[PDB]
C-alpha cells in the first residue's frame, strides 16, 4: 500500500535528527492518488509563546503533507519547493485535534501544484489554507 509506505515515511520522520522530526507526532488517516489526510494533536512542542499552533509549524505541515500527496501520484516525484503561501484564519489551541488535507491540483513536466487545508477535527472549521508549488527534476 501507498498507505503502508506513507506510514514508514512518518515513522522515519519521528526518529529523524533533521528538521523532519518536528512532525513526528502526526498520524495518517488516508492516502489516495494525489490526496493525503493526516491528523495531529496540538502539543507543547508544536506551539508558539502564546500557546497556539506555531505559524512556522503550520507552514511545515503544508510543506510536508503536500509533498506526501505528490509521492502518491503516478510519477511519485516529491520535487523541491518554489513558492508557498499560507493564510491563517483561526488559531489552533493546545490540546486541539487538527486534520491536514493535501490535494495535488495539477502536475506538469517540471512543476506540480498542491493545496492544503488544516481544519479543527471536532468542528471541521478551517484553521489555515496553503498553496505549494514544487519544481520536479
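Positions refer to the first chain, counted from 1.
Annotation for 25-33 versus 78-86: the higher mean temperature factor (C-alpha) is found in 25-33.
Mean CA temperature factor is higher for 9-17 when stretches 9-17 and 110-118 are set side by side in the entry. When the modelled residues of the chain are ordered by C-alpha B-factor, residue 65 sits in the lowest third.
Among the modelled residues of its chain, residue 54 has a C-alpha B-factor that falls in the lowest third, as given in the PDB entry.
Ranked within its chain, residue 99 lands in the middle third, by CA B factor from the PDB record. Compared with the other modelled residues of the chain, the Cα B-factor recorded for residue 128 ranks in the lowest third.
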